[PDB]
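Worksheet: the structure to be examined is printed underneath.
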Amino acid sequence: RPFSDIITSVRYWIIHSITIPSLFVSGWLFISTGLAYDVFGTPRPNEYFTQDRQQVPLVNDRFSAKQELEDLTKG
Amino acid sequence: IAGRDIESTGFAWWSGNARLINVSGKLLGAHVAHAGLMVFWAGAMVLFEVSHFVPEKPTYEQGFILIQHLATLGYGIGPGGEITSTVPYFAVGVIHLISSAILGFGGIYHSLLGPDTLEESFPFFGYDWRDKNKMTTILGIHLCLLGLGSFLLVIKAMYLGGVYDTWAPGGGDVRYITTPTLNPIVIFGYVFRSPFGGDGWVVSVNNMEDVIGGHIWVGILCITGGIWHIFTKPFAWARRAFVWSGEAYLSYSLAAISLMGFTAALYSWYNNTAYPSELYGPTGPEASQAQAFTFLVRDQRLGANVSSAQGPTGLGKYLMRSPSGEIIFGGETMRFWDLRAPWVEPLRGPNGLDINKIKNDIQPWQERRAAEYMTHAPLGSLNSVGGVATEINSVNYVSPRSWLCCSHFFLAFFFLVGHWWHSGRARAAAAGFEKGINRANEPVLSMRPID
Amino acid sequence: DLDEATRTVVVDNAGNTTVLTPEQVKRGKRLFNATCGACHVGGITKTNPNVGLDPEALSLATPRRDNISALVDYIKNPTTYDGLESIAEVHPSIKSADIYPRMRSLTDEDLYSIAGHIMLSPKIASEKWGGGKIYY
Amino acid sequence: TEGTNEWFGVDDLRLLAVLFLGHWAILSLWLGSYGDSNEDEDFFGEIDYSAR
Amino acid sequence: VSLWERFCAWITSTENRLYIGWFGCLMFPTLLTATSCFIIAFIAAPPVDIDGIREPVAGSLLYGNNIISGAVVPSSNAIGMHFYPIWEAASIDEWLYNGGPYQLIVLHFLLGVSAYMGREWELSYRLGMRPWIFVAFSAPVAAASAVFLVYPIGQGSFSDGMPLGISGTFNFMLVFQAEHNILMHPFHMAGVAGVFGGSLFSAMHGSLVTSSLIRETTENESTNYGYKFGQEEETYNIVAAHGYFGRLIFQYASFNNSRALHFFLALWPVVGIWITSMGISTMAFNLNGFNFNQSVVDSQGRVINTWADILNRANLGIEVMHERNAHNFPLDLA
Amino acid sequence: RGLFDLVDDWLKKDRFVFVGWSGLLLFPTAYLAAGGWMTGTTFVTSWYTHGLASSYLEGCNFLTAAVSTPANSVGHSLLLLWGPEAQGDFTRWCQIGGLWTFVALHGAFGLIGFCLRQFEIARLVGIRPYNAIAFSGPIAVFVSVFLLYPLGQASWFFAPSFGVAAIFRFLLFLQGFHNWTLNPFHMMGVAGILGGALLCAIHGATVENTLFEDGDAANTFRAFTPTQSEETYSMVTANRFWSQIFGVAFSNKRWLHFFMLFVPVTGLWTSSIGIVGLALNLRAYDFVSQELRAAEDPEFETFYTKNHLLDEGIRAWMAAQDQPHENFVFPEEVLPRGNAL
Ligand code: CLA
Ligand code: CLA
Ligand code: CLA
Ligand code: CLA
Ligand SMILES: CC(C)=CCC/C(C)=C/CC/C(C)=C/CC/C(C)=C/CC/C(C)=C/CC/C(C)=C/CC/C(C)=C/CC/C(C)=C/CC/C(C)=C/CC1=CC(=O)C(C)=C(C)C1=O
Ligand SMILES: CC1=C(/C=C/C(C)=C/C=C/C(C)=C/C=C/C=C(C)/C=C/C=C(C)/C=C/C2=C(C)CCCC2(C)C)C(C)(C)CCC1
Ligand SMILES: CC1=C(/C=C/C(C)=C/C=C/C(C)=C/C=C/C=C(C)/C=C/C=C(C)/C=C/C2=C(C)CCCC2(C)C)C(C)(C)CCC1
Ligand SMILES: CC1=C(/C=C/C(C)=C/C=C/C(C)=C/C=C/C=C(C)/C=C/C=C(C)/C=C/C2=C(C)CCCC2(C)C)C(C)(C)CCC1
Ligand code: OEX
Ligand SMILES: [Fe+2]
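Residue numbers (this note's numbering), protein chains in the order written: chain A, 1 to 75; chain G, 76 to 526; chain S, 527 to 662; chain C, 663 to 714; chain L, 715 to 1048; chain R, 1049 to 1389.
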């Protein structure tokens, strides 16, 4: 099937008037609920520095990098 | 759709205004509709600038370019760059916005409904491009209007209110220009001088008496040149040298308007007479001399004898000597020793900067004027962060001189590219090989072997 | 993360302390950048770099300018670094507000917010405020 | 003196003489082909192929 | 039959080995002037006080340079944008001290390369070609005029022009980045897309023609001997090259029109170099690249650095070290 | 017939997107490299590896967002998600820079898979594999810059990060620390890239201005057939033009189009050689005879010695921020400055 005759058919726009706004909303809710900070470990604007750590947190060990990061992200 | 598709014209949609070359009525409507767009923007942009105007900031700190053109004309402006009213700036935009609907109607009238060619039923307005007598008449009529418009600035400056003179005694103010300079050695001494430093070809006009006396001469020349081109036909040397087609006349204007665009850009960057620094901010040369002036005043209060203070290299830290011998400001600003700002000319004698006047009579308005010019130098980013490229994001400023010069240097280069495009094409379309090489008689094949 | 503890700034010469409301902080940064920021970007002074806005240089002025009230007094009445002559004719002030039209519409609440921004900024960026290009 | 405002850089009248004499010399050659050319001979093209 | 007409017929003759034309009456004297002065100044020219502070910079091979470090040094900062010909200099040694040869070479080069452009129009007209080869050459001409003329005009000194040398060129690039942040300017970004894309499309178009050449040679002779100069037939299967590139990405993304393809080969680097020439010409008047320093800020108000801030630390290192004796005041406004 | 032959028939079937045997490698790895780069520049920070914000979640725009290199502490670790640094934790993997090695390794096998695609399609269409030879240029750039350069250095940290301004840092890092403009292999690379963009513009404009009149329209794009046998432009006129303008012209269309291949690919291969040298710090840093002369003669200044003072400014003013693991504390008294700046 050709391309431009698909996107001009009304059956294409019956399907994609629901699926495209539902994915755009679901991407919006991935940020609005704060889930993307917890999945990827990105700091929220509150939590670049904590009350104990006023410095920039760096990992200085290779094999305890997972445990050193858990101590830097506890607050 | 005759004349409106590629099968009748040979032009695609992207070169689609090239279908208007030989239909004079529609080409008329394209030009008055585009004239309506420029008058629209003049109305709409200065209403935007009136609406966004605040009295606490100078007009160069607010990102304005159009109300400073009206303030130089003398509207709403007070002593030293004080903007008083902004009701005259509002009115100018309403006249330009209302008039764009009349030009916008006559644009879409002559484009969509009026006669497509004017030659059959309107013989005064009809034209062939190859009619050399008719084309000099249109050039002559529009030359007299440019002479009349150049006399309007003379009438504005001499009789109707005057213009803002940043060089005025008592402080910069609106002033009737009573004695314009009419001497042709002075006036055409700007046109025939060098473009380089110290000379600065036509940008270096430094007083309003030379500005208004130049517009008298331009008004005289355009009117006597308009009557000349209305009355006469091109000479035989002119007829041998030009291409007499519509695209050729376009490329002649493209070369001329590109030369004017480069000139108006360097007006914005260098001139502080027709572009007063109380309105446009300091020039590039002006802001670095304002820095050398500021730290001269800072250190002379601490007891430095600033005329004898040796720099790191052995030259003057504050006062050095120009390559012609004048006492100038020291540092890297020795390149801008030709700067003649109105806040530093009170300290100049014939030898350059006067040393006792620097030691004794430096006024507090001069220290203020150099202070804001030092901190509002024409240096900024595209996102309008003020200062050098290493500065942090706190100041929201780019000079209007930097906006005016950079945009019109961008435009004047591409209009020179348009001169190269359209003059190459019109020369080849007149000779008849703009569509490619004839396979039957290729010109290189009937030439000698080239070695 | 702008708690009450970082927003707690010394308000007067006696050492009393006040908390800036979040309106004082946001409006104080806006007014400082518009009115004072061309010469005082980042806490330095561009036109006289010996006299900065860092709290050590404010500590060593002869009227000590480490307070909200002492900074507001400087904006209403500016002096030299040793406080001996007035520099109102070369510094923007309420005393020379006929000279500087930028100071003409400024309340005492606006000067409180501008003095708040000068006091709050070293608590946020310690060595960057008044530190110049080394800490950029 | 280079920062002074002279017409075409002419500060001595030697330079004015060689500007005239240089421009009139190629003019006189060019008038050998385009002098004695009729003024009233027109054309209605974009380009003229008159003579040599 | 006249003397001028026989001279006009020789000047515009397409039977000369090199076409002269009327633009060659400006091209050949200016460019041979600039070539003669460049070779003499590059080999043997005394050191030039470029920054106006009486600290002369050696640029020639006889004063201890090599090919990489050697340069024709720009004019003195004390001169600025002033016109400095030889006859305004009271001795040739004073002209050589103040960077006089730079102004002679640059002004004769820019006149001569504009006349080279008009010569490219002129031969195309005498050959019956379509005209616009010289519009493509306008993109490197605009670039040469930006770094040699326009950027001196905006900065107000020929000392800020690009030095006529290899290491002087790198000095020009680094100081420009510190003062204007050209890497963060989108016009340099379009120029990099112009030259990265242009060399991509050159290698792409050159591959697909060489891939689809028709058998006209043996394994012993060169493949280029399958083309005869002056032949009428096509030398490569453009259907096979279109069928290859149409399967490499997808079918709708490939030019089947060879005229549209070669137009795209002309347009992409030329528009890219036009835009980056108008980046240099607009950074001449200090409309700099994007400044994102201290733009990411956390909740307390502290600055979180970005890659633009680390780029800013390298800009700070160039600008505090460039022209290290030339500055007396805390802002480089020139 | 055979099971290999049924799969070979299905993979090489003419469809909308050609798959081939090479698509079994290219389409997984290039999708994860591109999708991993979009995931990192949108969501993943550099706060624990570099101390930077580098995603759109943190306020970066397109110019300042990056997939940053791992921390210097992990060395040249492969940083597998199951590996001994992340240990299966996806969140800790993104915070130590594991997406950089994800993008760089799946991007390395995507370039292998794309060059194998060029070999495979040329074998089915029945042409010569010169496009795969020309893609060795971009492969040699990626291998030598993103893999071989950090492997000769201390860690993956000194590799280029996958961002716009992060690449701009890498350009200025290698000027200050390596003097990479002075390297003659970068110079041969600049000549091949600018020479390739020149060859693109000249050949594009010469063909377009030596076209034959093959139609009556002023729009000359319509007067070409993709199956025609005649040349659409005059090579004899094009050779005549450049022989009189430039003195030298192409006479062979085969040699012309090979030269358009040869110049940018040689530029990418010569610049890849010198960046392998910078991996071992075998840099063209100093001309020692000029350094020895300027040491004992304090007026000998060239544009060469002026560039070394720029590099000592770069290496002192960026090193505390660009290598934050190293804990460089430079006081203001040791930072090299000129006067008044
Ligand atoms: C400055 C902008 C401008 C102007 C004034 C024109 C004008 C014209 N174009 Mg051109 N054109 C332009 C830009 C412009 N063009 C651009 C950017 C492109 C590339 C997309 C083209 C591509 C193009 C092609 C291919 C063709 C033209 C043609 C024309 C002519 C007739 C249009 C017509 O009859 O169709 C009818 C048009 C319409 C029915 C559209 C209606 C649009 C109206 C005017 C909008 C008015 C809105 C405005 C708010 C109303 C205010 C009213 C109030 C003041 C009273 C006309 C003179 C045609 C031509 O050359 O004929 C010989 C033609 O074939 N143009
Ligand atoms: C007043 C000046 C002027 C006038 C009346 C013309 C008129 C013409 N041009 Mg010419 N031209 C000009 C200036 C001018 N040009 C300039 C300055 C350039 C260099 C850029 C050119 C380069 C040029 C080329 C290469 C061609 C023409 C062509 C034409 C003809 C058809 C145009 C058309 O339909 O395009 C319709 C308009 C469009 C398709 C839109 C243009 C796309 C623009 C760039 C997008 C806008 C981007 C941005 C928003 C604005 C620019 C940036 C901004 C900051 C300034 C028409 C006779 C065509 C021709 O030769 O016909 C015989 C043609 O092929 N012109
Ligand atoms: C400036 C360019 C321009 C030109 C050359 C023309 C030319 C023409 N118009 Mg068009 N037209 C224009 C703009 C232009 N018009 C504008 C701006 C409008 C909107 C008002 C119109 C609306 C319009 C209509 C509705 C009609 C025409 C008609 C005509 C044709 C007959 C002339 C005529 O009526 O007798 C000569 C007219 C006079 C002697 C009266 C002049 C009165 C005007 C207002 C004086 C202007 C003042 C001053 C000179 C300019 C001030 C503004 C300036 C500074 C910008 C002629 C081809 C007619 C036509 O095409 O018939 C089929 C027709 O019916 N025009
Ligand atoms: C918009 C402005 C404009 C435009 C586009 C034109 C366009 C034209 N003018 Mg016109 N002209 C104008 C304004 C304009 N003029 C003005 C304002 C005046 C009054 C000063 C004149 C006075 C004028 C005269 C006297 C002549 C022209 C001529 C021409 C035609 C060709 C000449 C040319 O342009 O080559 C550009 C060439 C130069 C800039 C150099 C010319 C040098 C001349 C030929 C030397 C001859 C000596 C002679 C005694 C003149 C004394 C001055 C001399 C020392 C320079 C062309 C149609 C010629 C024509 O054909 O008229 C019908 C012609 O003879 N114009
Ligand atoms: C079942 C389960 C579990 C579900 C999981 C879901 C799942 C499997 C998902 C995976 C989906 C996945 C990602 C697959 C998609 C595959 C995919 C596309 C991945 C790759 C990733 C990626 C983003 C790729 C984009 C890269 C890309 C294609 C870029 C190319 C862009 C492009 C249009 C380039 C064209 C450039 C151009 C115009 C060049 C032509 C110019 C030139 C000089 C041509 C020369 C030339 C051309 C001719 O034409 C002819 C004639 C001749 C003579 C000639 O000289
Ligand atoms: C032809 C053509 C074209 C063109 C078009 C045009 C160009 C048009 C124009 C148009 C125009 C040009 C228009 C105008 C309009 C205007 C108007 C409509 C106005 C109005 C006004 C008003 C309403 C105002 C109001 C106000 C006031 C009074 C006060 C203040 C406020 C305000 C502002 C609100 C095109 C391109 C499409 C293409 C096709 C064809
Ligand atoms: C207003 C004013 C003024 C005045 C001005 C004036 C008065 C002007 C003039 C102007 C002028 C007076 C100009 C002129 C110009 C010229 C030109 C621009 C020319 C050109 C030429 C050409 C273009 C030609 C070409 C050719 C050749 C060369 C060869 C053959 C062919 C032909 C013909 C094409 C002043 C400054 C005082 C001040 C301010 C204001
Ligand atoms: C990492 C990782 C992963 C993932 C991957 C993937 C699967 C991803 C994907 C992703 C993706 C795949 C994404 C994408 C996105 C995209 C976007 C976001 C785009 C955007 C765009 C834009 C925004 C542009 C714009 C525009 C337009 C639209 C048009 C006009 C022009 C322009 C260009 C401006 C996994 C799971 C394997 C696991 C492991 C690791
Ligand atoms: O000359 Mn070449 O670089 Ca333009 O900034 Mn100022 O001046 Mn000098 O320092 Mn930085
Ligand atoms: Fe080709």
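For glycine and all other residues, C-beta sits at the position ideal for the given N, C-alpha and C.
Run down chain S in chain order and give the residues with a C-beta less than 7 angstroms from the C-beta of residue i.
{"i": "L:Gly1015", "result": "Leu528 and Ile650"}
Taking buried to mean at least 16 other C-beta atoms within 10 Å of its own C-beta, is residue i buried or exposed?
{"i": "R:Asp1053", "result": "exposed"}
{"i": "G:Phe199", "result": "exposed"}
{"i": "G:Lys101", "result": "buried"}
{"i": "S:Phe558", "result": "buried"}
{"i": "R:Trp1148", "result": "buried"}
{"i": "G:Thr161", "result": "buried"}
{"i": "G:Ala77", "result": "exposed"}
Return the Cβ separation of residue i and residue j in integer angstroms, given the expectation that the two are a contact with Cβ distance under 8 angstroms.
{"i": "R:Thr1254", "j": "L:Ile847", "result": "6 angstroms"}
{"i": "R:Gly1237", "j": "R:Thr1318", "result": "6 angstroms"}
{"i": "L:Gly870", "j": "L:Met992", "result": "With 8 angstroms as the limit, L:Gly870 and L:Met992 do not qualify as a contact, their Cβ atoms being about 20 angstroms apart."}
{"i": "G:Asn92", "j": "G:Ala105", "result": "7 angstroms"}
{"i": "L:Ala748", "j": "L:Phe797", "result": "Contact flag wrong, Cβ pair sits at about 16 angstroms."}
{"i": "L:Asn1005", "j": "L:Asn938", "result": "Their Cβ separation, rounded to whole angstroms, is 52 angstroms, which puts L:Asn1005 and L:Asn938 out of contact at 8 angstroms."}
{"i": "L:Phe886", "j": "L:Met898", "result": "So it is not a contact: roughly 18 angstroms between Cβ atoms."}
Run through chain L and tell me which residues come within less than 7 angstroms of residue i, C-beta to C-beta.
{"i": "G:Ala416", "result": "The premise fails here: G:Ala416 is roughly 14 angstroms from chain L at the closest Cβ pair, so nothing lies under 7 angstroms."}
How would you list, in chain order, the residues of chain C whose beta-carbon sits under 8 angstroms from the beta-carbon of residue i?
{"i": "G:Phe267", "result": "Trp669 and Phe670"}
{"i": "L:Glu729", "result": "Those within 8 angstroms of L:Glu729 in chain C number zero; the least Cβ separation is about 18 angstroms."}
Kindly list, in the order they appear in chain A, the residues whose Cβ is closer than 7 angstroms to that of residue i.
{"i": "R:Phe1091", "result": "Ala36, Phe40 and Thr42"}
Taking C-beta pairs closer than 8 angstroms, name the residues in chain A that residue i reaches, listed in chain order.
{"i": "R:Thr1139", "result": "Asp38, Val39, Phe40 and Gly41"}
What in chain L is Cβ-close to residue i, meaning under 8 angstroms?
{"i": "C:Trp692", "result": "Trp718"}
**Request:** Scan the region 403 to 440 of chain G and note each continuous alpha helix (DSSP H) run of 4 residues or more that stays entirely inside, going in chain order.
**Result:** 430 to 434
**Sequence ranges, alpha helix (DSSP H) only - wholly within the region 616 to 661 of chain S, length at least 4** = 634 to 650
**Request:** Mind listing, in chain order, the continuous alpha helix (DSSP H) runs of no fewer than 4 residues lying wholly within the region 320 to 380 of chain G?
**Result:** 321 to 345, 352 to 355 and 359 to 376
**Message:** My parser needs the alpha helix (DSSP H) runs of 4 or more residues fully inside the region 885 to 944 of chain L; what are they?
**Reply:** 900 to 925
**Request:** Can you check the region 28 to 74 of chain A for any beta strand (DSSP E) of at least 3 residues that lies completely inside it and give the ranges in chain order?
**Result:** none
**Item:** Completely contained alpha helix (DSSP H) runs for the region 1256 to 1342 of chain R, where each covers 4 or more residues
**Value:** 1283 to 1293 and 1301 to 1327
**Message:** Any contact between the region 451 to 464 of chain G and the region 1001 to 1016 of chain L? By contact I mean 3 or more CB pairs, one from each, below 8 angstroms.
**Reply:** yes
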